[PDB]
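> Just one file: protein03.pdb, with PDB, C-alpha atoms and all ligand atoms.
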ATOM      1  CA  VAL A   3       4.542 -12.042 -19.611  1.00  0.00           C
ATOM      2  CA  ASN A   4       5.130 -11.776 -15.773  1.00  0.00           C
ATOM      3  CA  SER A   5       4.818 -14.210 -12.757  1.00  0.00           C
ATOM      4  CA  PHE A   6       1.424 -13.030 -11.307  1.00  0.00           C
ATOM      5  CA  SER A   7      -1.195 -15.874 -11.286  1.00  0.00           C
ATOM      6  CA  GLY A   8      -4.988 -16.047 -10.697  1.00  0.00           C
ATOM      7  CA  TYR A   9      -5.796 -12.330 -11.144  1.00  0.00           C
ATOM      8  CA  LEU A  10      -9.045 -11.032 -12.645  1.00  0.00           C
ATOM      9  CA  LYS A  11      -8.348  -8.376 -15.314  1.00  0.00           C
ATOM     10  CA  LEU A  12     -10.384  -5.157 -14.609  1.00  0.00           C
ATOM     11  CA  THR A  13      -8.809  -2.879 -17.264  1.00  0.00           C
ATOM     12  CA  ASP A  14      -5.937  -2.686 -19.739  1.00  0.00           C
ATOM     13  CA  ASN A  15      -3.510  -2.240 -16.788  1.00  0.00           C
ATOM     14  CA  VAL A  16      -5.321  -3.104 -13.491  1.00  0.00           C
ATOM     15  CA  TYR A  17      -5.668  -6.656 -12.151  1.00  0.00           C
ATOM     16  CA  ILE A  18      -7.211  -7.869  -8.841  1.00  0.00           C
ATOM     17  CA  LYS A  19      -7.048 -11.030  -6.666  1.00  0.00           C
ATOM     18  CA  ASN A  20      -8.342 -12.149  -3.227  1.00  0.00           C
ATOM     19  CA  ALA A  21      -4.978 -12.663  -1.561  1.00  0.00           C
ATOM     20  CA  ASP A  22      -2.923 -11.622   1.450  1.00  0.00           C
ATOM     21  CA  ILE A  23      -0.395  -9.054  -0.086  1.00  0.00           C
ATOM     22  CA  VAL A  24       2.288 -10.613   2.294  1.00  0.00           C
ATOM     23  CA  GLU A  25       1.870 -14.358   0.945  1.00  0.00           C
ATOM     24  CA  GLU A  26       1.654 -12.992  -2.626  1.00  0.00           C
ATOM     25  CA  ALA A  27       4.952 -11.090  -2.237  1.00  0.00           C
ATOM     26  CA  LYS A  28       6.678 -14.147  -0.670  1.00  0.00           C
ATOM     27  CA  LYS A  29       5.544 -16.350  -3.651  1.00  0.00           C
ATOM     28  CA  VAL A  30       6.096 -13.831  -6.547  1.00  0.00           C
ATOM     29  CA  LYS A  31       9.039 -11.725  -5.214  1.00  0.00           C
ATOM     30  CA  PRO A  32       7.880  -8.824  -7.433  1.00  0.00           C
ATOM     31  CA  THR A  33      10.162  -5.918  -8.423  1.00  0.00           C
ATOM     32  CA  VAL A  34       7.918  -3.560  -6.356  1.00  0.00           C
ATOM     33  CA  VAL A  35       5.537  -4.262  -3.487  1.00  0.00           C
ATOM     34  CA  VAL A  36       3.541  -1.236  -2.236  1.00  0.00           C
ATOM     35  CA  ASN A  37       3.183  -0.636   1.485  1.00  0.00           C
ATOM     36  CA  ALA A  38       0.202   1.231   2.941  1.00  0.00           C
ATOM     37  CA  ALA A  39       2.475   3.519   4.930  1.00  0.00           C
ATOM     38  CA  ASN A  40       1.946   6.466   7.251  1.00  0.00           C
ATOM     39  CA  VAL A  41       4.104   9.587   7.159  1.00  0.00           C
ATOM     40  CA  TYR A  42       6.260   8.307  10.069  1.00  0.00           C
ATOM     41  CA  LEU A  43       6.809   4.864   8.456  1.00  0.00           C
ATOM     42  CA  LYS A  44       5.569   3.354  11.722  1.00  0.00           C
ATOM     43  CA  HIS A  45       4.491  -0.099  10.484  1.00  0.00           C
ATOM     44  CA  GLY A  46       2.326  -1.239  13.406  1.00  0.00           C
ATOM     45  CA  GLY A  47      -0.642  -2.925  11.773  1.00  0.00           C
ATOM     46  CA  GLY A  48      -2.606  -3.522   8.595  1.00  0.00           C
ATOM     47  CA  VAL A  49      -0.607  -3.945   5.373  1.00  0.00           C
ATOM     48  CA  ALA A  50       2.479  -2.199   6.896  1.00  0.00           C
ATOM     49  CA  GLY A  51       2.536  -4.252  10.112  1.00  0.00           C
ATOM     50  CA  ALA A  52       1.876  -7.471   8.239  1.00  0.00           C
ATOM     51  CA  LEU A  53       4.638  -6.652   5.692  1.00  0.00           C
ATOM     52  CA  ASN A  54       6.975  -5.515   8.430  1.00  0.00           C
ATOM     53  CA  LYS A  55       6.341  -8.664  10.530  1.00  0.00           C
ATOM     54  CA  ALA A  56       7.185 -10.817   7.457  1.00  0.00           C
ATOM     55  CA  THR A  57      10.592  -8.974   7.276  1.00  0.00           C
ATOM     56  CA  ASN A  58      11.316  -9.846  10.960  1.00  0.00           C
ATOM     57  CA  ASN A  59      11.198  -6.038  11.662  1.00  0.00           C
ATOM     58  CA  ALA A  60      13.991  -5.253   9.159  1.00  0.00           C
ATOM     59  CA  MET A  61      11.528  -2.973   7.281  1.00  0.00           C
ATOM     60  CA  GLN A  62      10.982  -0.939  10.505  1.00  0.00           C
ATOM     61  CA  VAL A  63      14.735  -0.706  11.238  1.00  0.00           C
ATOM     62  CA  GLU A  64      15.407   0.606   7.702  1.00  0.00           C
ATOM     63  CA  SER A  65      12.396   2.949   7.937  1.00  0.00           C
ATOM     64  CA  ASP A  66      13.555   4.458  11.237  1.00  0.00           C
ATOM     65  CA  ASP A  67      16.946   5.280   9.712  1.00  0.00           C
ATOM     66  CA  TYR A  68      15.115   6.844   6.667  1.00  0.00           C
ATOM     67  CA  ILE A  69      12.982   9.083   8.918  1.00  0.00           C
ATOM     68  CA  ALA A  70      15.925  10.060  11.143  1.00  0.00           C
ATOM     69  CA  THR A  71      17.719  11.308   7.967  1.00  0.00           C
ATOM     70  CA  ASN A  72      14.804  12.743   5.899  1.00  0.00           C
ATOM     71  CA  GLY A  73      11.899  13.496   8.237  1.00  0.00           C
ATOM     72  CA  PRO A  74       8.342  12.388   7.645  1.00  0.00           C
ATOM     73  CA  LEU A  75       6.742  11.783   4.244  1.00  0.00           C
ATOM     74  CA  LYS A  76       3.832  13.919   2.985  1.00  0.00           C
ATOM     75  CA  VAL A  77       0.295  12.536   2.900  1.00  0.00           C
ATOM     76  CA  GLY A  78       0.005  11.588  -0.789  1.00  0.00           C
ATOM     77  CA  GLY A  79       3.787  10.998  -0.982  1.00  0.00           C
ATOM     78  CA  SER A  80       6.087   7.991  -1.123  1.00  0.00           C
ATOM     79  CA  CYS A  81       9.616   6.721  -0.831  1.00  0.00           C
ATOM     80  CA  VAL A  82      11.410   3.705  -2.263  1.00  0.00           C
ATOM     81  CA  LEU A  83      13.203   1.447   0.241  1.00  0.00           C
ATOM     82  CA  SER A  84      14.332  -2.175   0.253  1.00  0.00           C
ATOM     83  CA  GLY A  85      11.824  -4.984  -0.349  1.00  0.00           C
ATOM     84  CA  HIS A  86      13.817  -7.226   2.047  1.00  0.00           C
ATOM     85  CA  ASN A  87      12.671 -10.881   1.656  1.00  0.00           C
ATOM     86  CA  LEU A  88       9.390  -9.842  -0.056  1.00  0.00           C
ATOM     87  CA  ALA A  89      10.368  -7.895  -3.218  1.00  0.00           C
ATOM     88  CA  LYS A  90      13.313  -6.074  -4.817  1.00  0.00           C
ATOM     89  CA  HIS A  91      11.890  -2.734  -3.634  1.00  0.00           C
ATOM     90  CA  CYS A  92       9.119  -1.531  -1.332  1.00  0.00           C
ATOM     91  CA  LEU A  93       7.283   1.599  -2.443  1.00  0.00           C
ATOM     92  CA  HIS A  94       5.945   3.105   0.813  1.00  0.00           C
ATOM     93  CA  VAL A  95       2.907   5.172  -0.204  1.00  0.00           C
ATOM     94  CA  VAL A  96       0.888   7.370   2.178  1.00  0.00           C
ATOM     95  CA  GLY A  97      -2.775   7.482   1.369  1.00  0.00           C
ATOM     96  CA  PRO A  98      -4.970   9.811   3.433  1.00  0.00           C
ATOM     97  CA  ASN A  99      -6.200   8.294   6.709  1.00  0.00           C
ATOM     98  CA  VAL A 100      -9.938   9.205   7.001  1.00  0.00           C
ATOM     99  CA  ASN A 101      -9.779   8.095  10.728  1.00  0.00           C
ATOM    100  CA  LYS A 102      -7.317  11.117  11.180  1.00  0.00           C
ATOM    101  CA  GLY A 103      -9.315  13.730   9.084  1.00  0.00           C
ATOM    102  CA  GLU A 104      -7.010  13.760   5.957  1.00  0.00           C
ATOM    103  CA  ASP A 105      -8.333  15.111   2.600  1.00  0.00           C
ATOM    104  CA  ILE A 106      -9.633  12.127   0.534  1.00  0.00           C
ATOM    105  CA  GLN A 107      -8.654  14.215  -2.588  1.00  0.00           C
ATOM    106  CA  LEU A 108      -5.064  13.223  -1.639  1.00  0.00           C
ATOM    107  CA  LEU A 109      -5.870   9.626  -2.630  1.00  0.00           C
ATOM    108  CA  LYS A 110      -5.318  10.467  -6.345  1.00  0.00           C
ATOM    109  CA  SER A 111      -1.895  12.037  -5.513  1.00  0.00           C
ATOM    110  CA  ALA A 112      -1.015   8.863  -3.569  1.00  0.00           C
ATOM    111  CA  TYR A 113      -1.838   6.585  -6.536  1.00  0.00           C
ATOM    112  CA  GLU A 114       0.184   8.851  -8.907  1.00  0.00           C
ATOM    113  CA  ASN A 115       3.327   7.488  -7.184  1.00  0.00           C
ATOM    114  CA  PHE A 116       2.579   4.103  -8.792  1.00  0.00           C
ATOM    115  CA  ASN A 117       3.144   5.591 -12.277  1.00  0.00           C
ATOM    116  CA  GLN A 118       6.911   5.787 -11.558  1.00  0.00           C
ATOM    117  CA  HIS A 119       7.045   1.922 -11.644  1.00  0.00           C
ATOM    118  CA  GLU A 120       6.262  -0.311 -14.647  1.00  0.00           C
ATOM    119  CA  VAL A 121       4.750  -3.168 -12.566  1.00  0.00           C
ATOM    120  CA  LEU A 122       3.624  -3.242  -8.902  1.00  0.00           C
ATOM    121  CA  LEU A 123       1.973  -5.591  -6.396  1.00  0.00           C
ATOM    122  CA  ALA A 124      -0.220  -3.275  -4.220  1.00  0.00           C
ATOM    123  CA  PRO A 125      -3.078  -3.004  -1.753  1.00  0.00           C
ATOM    124  CA  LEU A 126      -5.973  -0.590  -2.216  1.00  0.00           C
ATOM    125  CA  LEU A 127      -4.696   2.712  -0.788  1.00  0.00           C
ATOM    126  CA  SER A 128      -6.565   4.247   2.149  1.00  0.00           C
ATOM    127  CA  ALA A 129      -8.643   1.016   2.560  1.00  0.00           C
ATOM    128  CA  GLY A 130      -8.738  -1.167   5.663  1.00  0.00           C
ATOM    129  CA  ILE A 131      -7.732   0.690   8.848  1.00  0.00           C
ATOM    130  CA  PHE A 132      -7.153   3.952   6.849  1.00  0.00           C
ATOM    131  CA  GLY A 133     -10.954   4.269   6.786  1.00  0.00           C
ATOM    132  CA  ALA A 134     -11.759   5.099   3.101  1.00  0.00           C
ATOM    133  CA  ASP A 135     -14.411   3.322   1.008  1.00  0.00           C
ATOM    134  CA  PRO A 136     -12.504   0.566  -0.866  1.00  0.00           C
ATOM    135  CA  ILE A 137     -14.915   0.882  -3.874  1.00  0.00           C
ATOM    136  CA  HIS A 138     -13.818   4.527  -4.173  1.00  0.00           C
ATOM    137  CA  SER A 139     -10.149   3.554  -3.798  1.00  0.00           C
ATOM    138  CA  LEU A 140     -10.433   1.043  -6.672  1.00  0.00           C
ATOM    139  CA  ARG A 141     -12.118   3.692  -8.890  1.00  0.00           C
ATOM    140  CA  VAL A 142      -9.319   6.226  -8.176  1.00  0.00           C
ATOM    141  CA  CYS A 143      -6.733   3.487  -8.822  1.00  0.00           C
ATOM    142  CA  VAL A 144      -8.242   2.629 -12.248  1.00  0.00           C
ATOM    143  CA  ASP A 145      -8.615   6.319 -13.181  1.00  0.00           C
ATOM    144  CA  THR A 146      -5.063   7.321 -12.012  1.00  0.00           C
ATOM    145  CA  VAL A 147      -2.572   4.451 -12.437  1.00  0.00           C
ATOM    146  CA  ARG A 148      -1.365   3.880 -16.012  1.00  0.00           C
ATOM    147  CA  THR A 149       1.340   1.275 -15.174  1.00  0.00           C
ATOM    148  CA  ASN A 150       0.541  -2.382 -14.519  1.00  0.00           C
ATOM    149  CA  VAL A 151      -0.848  -2.877 -11.026  1.00  0.00           C
ATOM    150  CA  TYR A 152      -1.719  -6.226  -9.389  1.00  0.00           C
ATOM    151  CA  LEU A 153      -4.090  -5.499  -6.469  1.00  0.00           C
ATOM    152  CA  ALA A 154      -4.231  -7.947  -3.523  1.00  0.00           C
ATOM    153  CA  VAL A 155      -7.538  -7.625  -1.615  1.00  0.00           C
ATOM    154  CA  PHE A 156      -7.168  -9.567   1.721  1.00  0.00           C
ATOM    155  CA  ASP A 157     -10.938  -9.762   2.531  1.00  0.00           C
ATOM    156  CA  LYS A 158     -12.810 -12.383   0.361  1.00  0.00           C
ATOM    157  CA  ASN A 159     -16.128 -10.686   1.067  1.00  0.00           C
ATOM    158  CA  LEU A 160     -14.753  -7.263  -0.011  1.00  0.00           C
ATOM    159  CA  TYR A 161     -13.026  -8.769  -3.068  1.00  0.00           C
ATOM    160  CA  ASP A 162     -16.359 -10.162  -4.312  1.00  0.00           C
ATOM    161  CA  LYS A 163     -18.093  -6.831  -3.687  1.00  0.00           C
ATOM    162  CA  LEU A 164     -15.304  -4.890  -5.508  1.00  0.00           C
ATOM    163  CA  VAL A 165     -15.570  -7.178  -8.573  1.00  0.00           C
ATOM    164  CA  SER A 166     -19.398  -7.337  -8.662  1.00  0.00           C
ATOM    165  CA  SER A 167     -19.772  -3.490  -8.319  1.00  0.00           C
ATOM    166  CA  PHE A 168     -16.885  -2.591 -10.716  1.00  0.00           C
ATOM    167  CA  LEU A 169     -17.930  -0.298 -13.585  1.00  0.00           C
TER     168      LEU A 169
HETATM  169  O1  LIG A 201      -0.769 -11.411   8.746  1.00  0.00           O
HETATM  170  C1  LIG A 201      -2.070 -11.031   9.057  1.00  0.00           C
HETATM  171  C2  LIG A 201      -2.357  -9.955   7.997  1.00  0.00           C
HETATM  172  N1  LIG A 201      -2.882  -8.866   8.331  1.00  0.00           N
HETATM  173  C3  LIG A 201      -3.039  -8.147   7.251  1.00  0.00           C
HETATM  174  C4  LIG A 201      -3.571  -6.872   7.068  1.00  0.00           C
HETATM  175  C5  LIG A 201      -3.645  -6.333   5.821  1.00  0.00           C
HETATM  176  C6  LIG A 201      -3.179  -7.077   4.679  1.00  0.00           C
HETATM  177  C7  LIG A 201      -2.713  -8.283   4.861  1.00  0.00           C
HETATM  178  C8  LIG A 201      -2.626  -8.880   6.193  1.00  0.00           C
HETATM  179  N2  LIG A 201      -2.185  -9.977   6.660  1.00  0.00           N
END
Would you kindly transcribe this structure into C-alpha cells?


Amino acid sequence: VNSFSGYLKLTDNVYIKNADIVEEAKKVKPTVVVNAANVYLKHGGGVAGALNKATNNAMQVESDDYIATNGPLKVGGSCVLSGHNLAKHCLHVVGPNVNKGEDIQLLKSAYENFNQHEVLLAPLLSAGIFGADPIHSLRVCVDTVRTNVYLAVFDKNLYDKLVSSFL
C-alpha cells in the first residue's frame, strides 16, 4: 500500500489521474517524480518549468551544475537529481521532441528509464509541448514500464480521452 489517491487503474502496474503533477508531488512527496526534461536540463516551461518554479529555481541551479560537469543528456536518456521540496528524487527523462524532429522510436527508450525505480509519479513523456500524440505515449508507457507508475494528466479533456480510448 502507498500514498497515491484517486487514480484509475489501467493495468497491473499503470495508474492515471487528472491532476497537475506539481500539486500531486507537493501532496504525496513521492520517492521519485519524473520531469519531462530536455537534454540541456533547461526547465523553461511545461512539466519542467512548472516543477522548477515550484522549487523556487533550485532544480535549475542543481541542473546547471550537473550539465557543467557531465554535458547534455541523450534523447531517450535520464539522470537522477534531487526532488527538492517535491519528492526524494527527480528522475529527469528526455523524451523525443517532435517539434524538433526527434525519432519517436526513442519514446520507448525514454520510458525504459522508469524500470530502474519501483514506484514513480510521472507525466506522459513527449506529450504537451514535446508534440507527440498522448494516446501513443500512454500505449508505449503501458507496453514498456513494468514498475508501478502513477501518471498525472494535467488536461481534464485529454484525461477523459485517454481513459475512454484506452485498449
Ligand atoms: O503551474 C502551471 C502548470 N503548468 C504545467 C504544465 C505541465 C504540467 C503541469 C503544469 N502546471

> Taking all atoms of stretch 74-87 of chain A that appear in the file, build a box with edges along x, y and z, extend it by 4 Å on every side, and state its centre and edge lengths in Å to one decimal, as lines of an AutoDock Vina configuration file.


center_x = 7.2
center_y = 1.5
center_z = 2.7
size_x = 22.3
size_y = 32.8
size_z = 17.9

> So what does the PyMOL selection byres (((chain A and resi 119-126) around 6) and not hetatm) actually pick up in this one, as number ranges by chain?

A: 34-36, 116-118, 127, 129, 149-154

> Give me, as a ChimeraX atom specification, all polymer residues having an atom no more than 12 Å from stretch 155-164 of chain A, counting only C-alpha atoms and skipping those fewer than 5 positions away in the same chain.

/A:9-10,12,17-26,48-49,52,123-127,129-130,135-141,169

> In Å, with one decimal, what is the gap from atom CA of residue A:144 to atom CA of residue A:16?

6.6 Å

> Kindly indicate which residue among A:47, A:55, A:15, A:63 lies nearest to residue A:145, using only C-alpha atoms for the distances.

A:15

> Mind pulling up the distance from atom CA of residue A:33 to atom CA of residue A:90?

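The value is 4.8 Å.
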
> For ligand LIG 201 (chain A), which residue among A:93, A:106, A:83, A:131 is the nearest when counting only C-alpha atoms and all ligand atoms?

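Of A:93, A:106, A:83, A:131, the one nearest ligand LIG 201 (chain A), counting only C-alpha atoms and all ligand atoms, is A:131.
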
> Using only C-alpha atoms and all ligand atoms, which residue out of A:43, A:89, A:53, A:30 lies closest to ligand LIG 201 (chain A)?

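Looking at the shortest contact to ligand LIG 201 (chain A), the residue is A:53.
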
> Using all atoms listed in the file, pick whichever of A:4, A:57, A:13, A:37 has the shortest atom-to-atom distance to residue A:88.

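With all atoms listed in the file as the atom set, the closest residue is A:57.
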
> Report as JSON lines the residues of stretch 111-146 of chain A within 7 Å of stretch 98-101 of chain A, each with its shortest atom pair and distance in Å (one decimal), using all atoms listed in the file, ordered by chain and increasing residue number.


{"residue": "A:128", "atom": "CA", "partner": "A:98", "partner_atom": "CA", "distance": 5.9}
{"residue": "A:132", "atom": "CA", "partner": "A:99", "partner_atom": "CA", "distance": 4.4}
{"residue": "A:133", "atom": "CA", "partner": "A:100", "partner_atom": "CA", "distance": 5.0}
{"residue": "A:134", "atom": "CA", "partner": "A:100", "partner_atom": "CA", "distance": 5.9}

> Just write the chosen residues, C-alpha atoms, as a short mmCIF file (atom, residue, chain, number, x, y, z; two decimals), keeping the file's coordinate frame.


data_model
loop_
_atom_site.label_atom_id
_atom_site.label_comp_id
_atom_site.auth_asym_id
_atom_site.auth_seq_id
_atom_site.Cartn_x
_atom_site.Cartn_y
_atom_site.Cartn_z
CA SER A 128 -6.56 4.25 2.15
CA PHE A 132 -7.15 3.95 6.85
CA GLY A 133 -10.95 4.27 6.79
CA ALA A 134 -11.76 5.10 3.10
#

> Do you have the atom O1 of ligand LIG 201 (chain A)-atom CA of residue A:148 distance handy?

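These atoms are spaced 29.1 Å apart.
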
> Considering all atoms listed in the file, can you say which of A:112, A:39, A:143, A:56 comes closest to ligand LIG 201 (chain A)?

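Answer, going by the shortest atom-to-atom distance: A:56.
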
> Contacts of residue A:113 at 7 Å or less, counting all atoms listed in the file, minus same-chain residues fewer than 4 places along, as a list in words?

residues 109, 143, 146 and 147 of chain A

> Can you work out which one of A:76, A:29, A:86, A:45 has the shortest atom-to-atom distance to residue A:104, counting all atoms listed in the file?

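Closest to residue A:104, using all atoms listed in the file: A:76.
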
> Kindly add N, CA and C atoms to the incomplete stretch 5-36 of chain A and provide the output as a PDB file, in the coordinates of the input.


ATOM      1  N   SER A   5       4.928 -13.039 -13.672  1.00  0.00           N
ATOM      2  CA  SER A   5       4.818 -14.210 -12.757  1.00  0.00           C
ATOM      3  C   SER A   5       3.534 -14.168 -11.905  1.00  0.00           C
ATOM      4  N   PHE A   6       2.708 -13.137 -12.051  1.00  0.00           N
ATOM      5  CA  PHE A   6       1.424 -13.030 -11.307  1.00  0.00           C
ATOM      6  C   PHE A   6       0.392 -14.035 -11.838  1.00  0.00           C
ATOM      7  N   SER A   7      -0.275 -14.756 -10.943  1.00  0.00           N
ATOM      8  CA  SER A   7      -1.195 -15.874 -11.286  1.00  0.00           C
ATOM      9  C   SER A   7      -2.561 -15.667 -10.641  1.00  0.00           C
ATOM     10  N   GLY A   8      -3.664 -15.987 -11.337  1.00  0.00           N
ATOM     11  CA  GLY A   8      -4.988 -16.047 -10.697  1.00  0.00           C
ATOM     12  C   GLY A   8      -5.673 -14.706 -10.550  1.00  0.00           C
ATOM     13  N   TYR A   9      -5.177 -13.664 -11.233  1.00  0.00           N
ATOM     14  CA  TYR A   9      -5.796 -12.330 -11.144  1.00  0.00           C
ATOM     15  C   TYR A   9      -6.943 -12.191 -12.143  1.00  0.00           C
ATOM     16  N   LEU A  10      -7.935 -11.458 -11.765  1.00  0.00           N
ATOM     17  CA  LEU A  10      -9.045 -11.032 -12.645  1.00  0.00           C
ATOM     18  C   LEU A  10      -8.568  -9.728 -13.279  1.00  0.00           C
ATOM     19  N   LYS A  11      -8.771  -9.561 -14.578  1.00  0.00           N
ATOM     20  CA  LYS A  11      -8.348  -8.376 -15.314  1.00  0.00           C
ATOM     21  C   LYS A  11      -9.485  -7.381 -15.231  1.00  0.00           C
ATOM     22  N   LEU A  12      -9.312  -6.165 -14.687  1.00  0.00           N
ATOM     23  CA  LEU A  12     -10.384  -5.157 -14.609  1.00  0.00           C
ATOM     24  C   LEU A  12     -10.302  -4.221 -15.803  1.00  0.00           C
ATOM     25  N   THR A  13      -9.079  -3.821 -16.169  1.00  0.00           N
ATOM     26  CA  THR A  13      -8.809  -2.879 -17.264  1.00  0.00           C
ATOM     27  C   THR A  13      -7.569  -3.307 -18.021  1.00  0.00           C
ATOM     28  N   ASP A  14      -7.181  -2.457 -18.974  1.00  0.00           N
ATOM     29  CA  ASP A  14      -5.937  -2.686 -19.739  1.00  0.00           C
ATOM     30  C   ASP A  14      -4.758  -2.932 -18.793  1.00  0.00           C
ATOM     31  N   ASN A  15      -4.736  -2.246 -17.639  1.00  0.00           N
ATOM     32  CA  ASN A  15      -3.510  -2.240 -16.788  1.00  0.00           C
ATOM     33  C   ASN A  15      -3.755  -2.626 -15.330  1.00  0.00           C
ATOM     34  N   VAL A  16      -4.990  -2.834 -14.912  1.00  0.00           N
ATOM     35  CA  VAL A  16      -5.321  -3.104 -13.491  1.00  0.00           C
ATOM     36  C   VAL A  16      -5.873  -4.515 -13.364  1.00  0.00           C
ATOM     37  N   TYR A  17      -5.316  -5.260 -12.456  1.00  0.00           N
ATOM     38  CA  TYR A  17      -5.668  -6.656 -12.151  1.00  0.00           C
ATOM     39  C   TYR A  17      -5.985  -6.771 -10.674  1.00  0.00           C
ATOM     40  N   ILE A  18      -6.786  -7.737 -10.273  1.00  0.00           N
ATOM     41  CA  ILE A  18      -7.211  -7.869  -8.841  1.00  0.00           C
ATOM     42  C   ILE A  18      -7.316  -9.331  -8.442  1.00  0.00           C
ATOM     43  N   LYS A  19      -6.999  -9.642  -7.196  1.00  0.00           N
ATOM     44  CA  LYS A  19      -7.048 -11.030  -6.666  1.00  0.00           C
ATOM     45  C   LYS A  19      -7.367 -10.992  -5.174  1.00  0.00           C
ATOM     46  N   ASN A  20      -8.168 -11.936  -4.689  1.00  0.00           N
ATOM     47  CA  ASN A  20      -8.342 -12.149  -3.227  1.00  0.00           C
ATOM     48  C   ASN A  20      -7.093 -12.847  -2.748  1.00  0.00           C
ATOM     49  N   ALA A  21      -6.221 -12.078  -2.102  1.00  0.00           N
ATOM     50  CA  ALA A  21      -4.978 -12.663  -1.561  1.00  0.00           C
ATOM     51  C   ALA A  21      -4.422 -11.748  -0.469  1.00  0.00           C
ATOM     52  N   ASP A  22      -3.735 -12.365   0.468  1.00  0.00           N
ATOM     53  CA  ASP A  22      -2.923 -11.622   1.450  1.00  0.00           C
ATOM     54  C   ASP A  22      -1.704 -11.073   0.704  1.00  0.00           C
ATOM     55  N   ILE A  23      -1.551  -9.742   0.592  1.00  0.00           N
ATOM     56  CA  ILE A  23      -0.395  -9.054  -0.086  1.00  0.00           C
ATOM     57  C   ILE A  23       0.957  -9.603   0.432  1.00  0.00           C
ATOM     58  N   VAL A  24       1.077  -9.938   1.725  1.00  0.00           N
ATOM     59  CA  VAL A  24       2.288 -10.613   2.294  1.00  0.00           C
ATOM     60  C   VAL A  24       2.626 -11.994   1.648  1.00  0.00           C
ATOM     61  N   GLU A  25       1.710 -13.012   1.551  1.00  0.00           N
ATOM     62  CA  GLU A  25       1.870 -14.358   0.945  1.00  0.00           C
ATOM     63  C   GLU A  25       2.110 -14.213  -0.554  1.00  0.00           C
ATOM     64  N   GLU A  26       1.451 -13.261  -1.200  1.00  0.00           N
ATOM     65  CA  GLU A  26       1.654 -12.992  -2.626  1.00  0.00           C
ATOM     66  C   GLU A  26       3.083 -12.521  -2.892  1.00  0.00           C
ATOM     67  N   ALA A  27       3.581 -11.600  -2.064  1.00  0.00           N
ATOM     68  CA  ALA A  27       4.952 -11.090  -2.237  1.00  0.00           C
ATOM     69  C   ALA A  27       5.951 -12.236  -2.021  1.00  0.00           C
ATOM     70  N   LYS A  28       5.752 -13.021  -0.972  1.00  0.00           N
ATOM     71  CA  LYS A  28       6.678 -14.147  -0.670  1.00  0.00           C
ATOM     72  C   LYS A  28       6.759 -15.131  -1.840  1.00  0.00           C
ATOM     73  N   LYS A  29       5.647 -15.376  -2.525  1.00  0.00           N
ATOM     74  CA  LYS A  29       5.544 -16.350  -3.651  1.00  0.00           C
ATOM     75  C   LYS A  29       6.149 -15.725  -4.908  1.00  0.00           C
ATOM     76  N   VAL A  30       5.741 -14.508  -5.270  1.00  0.00           N
ATOM     77  CA  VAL A  30       6.096 -13.831  -6.547  1.00  0.00           C
ATOM     78  C   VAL A  30       7.465 -13.146  -6.477  1.00  0.00           C
ATOM     79  N   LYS A  31       7.818 -12.542  -5.339  1.00  0.00           N
ATOM     80  CA  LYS A  31       9.039 -11.725  -5.214  1.00  0.00           C
ATOM     81  C   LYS A  31       9.038 -10.688  -6.326  1.00  0.00           C
ATOM     82  N   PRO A  32       8.004  -9.820  -6.381  1.00  0.00           N
ATOM     83  CA  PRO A  32       7.880  -8.824  -7.433  1.00  0.00           C
ATOM     84  C   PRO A  32       9.004  -7.782  -7.344  1.00  0.00           C
ATOM     85  N   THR A  33       9.225  -7.054  -8.415  1.00  0.00           N
ATOM     86  CA  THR A  33      10.162  -5.918  -8.423  1.00  0.00           C
ATOM     87  C   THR A  33       9.745  -4.907  -7.349  1.00  0.00           C
ATOM     88  N   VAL A  34       8.457  -4.603  -7.275  1.00  0.00           N
ATOM     89  CA  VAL A  34       7.918  -3.560  -6.356  1.00  0.00           C
ATOM     90  C   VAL A  34       6.695  -4.111  -5.639  1.00  0.00           C
ATOM     91  N   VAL A  35       6.740  -4.091  -4.316  1.00  0.00           N
ATOM     92  CA  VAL A  35       5.537  -4.262  -3.487  1.00  0.00           C
ATOM     93  C   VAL A  35       5.229  -2.895  -2.873  1.00  0.00           C
ATOM     94  N   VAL A  36       3.985  -2.489  -2.873  1.00  0.00           N
ATOM     95  CA  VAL A  36       3.541  -1.236  -2.236  1.00  0.00           C
ATOM     96  C   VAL A  36       3.141  -1.539  -0.810  1.00  0.00           C
TER      97      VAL A  36
END
